[PDB]
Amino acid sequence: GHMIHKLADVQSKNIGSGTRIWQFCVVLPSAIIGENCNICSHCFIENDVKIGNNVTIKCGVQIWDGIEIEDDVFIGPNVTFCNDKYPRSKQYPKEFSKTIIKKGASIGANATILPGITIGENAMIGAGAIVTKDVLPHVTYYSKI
């Protein structure tokens, strides 16, 4: 089976064997999470969300409607995603922009992923990066400082 911490609010039944969901996580009913994932403390996972097998999501990450994470992905702590390029309070788009993080990719701590982005298989996103364009498979991308 899977381990849901008593201090998490997990509303999805779609959770694979071996998955751990830690304290103060929120997981909404339609989320799909595969096997042997680690969803660390203080995460939010919305409804229109698919997460594969062997995925690590470190603390303080939110996975919004329209985001797909493939197998073997690493998401660093406080990584931020997004599904709305020109956000205005209470102006809901007809369709949320889709993001996909492809198999085995890794996103460094506190990176920011713009909406509509593909991060290719086995890519490596530097800690603190802002990703405004697709990252090609196996590419190491980081922002200039």
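Don't overthink the numbering: it's just position in the shown sequence, from 1.
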Task: Of 50-58 and 95-103, the stretch whose C-alpha atoms average the higher B-factor in the entry - done: 95-103
Open item on the list: On mean Cα temperature factor in this entry, is 66-74 or 85-93 the higher one?
Closed with: 85-93
Task: Given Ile45, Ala111, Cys40, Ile32, the residue at which the Cα B factor reaches its maximum - done: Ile32
Open item on the list: I'd like to know which of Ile15, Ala127, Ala123, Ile21 has the highest C-alpha temperature factor in the PDB entry.
Closed with: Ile15
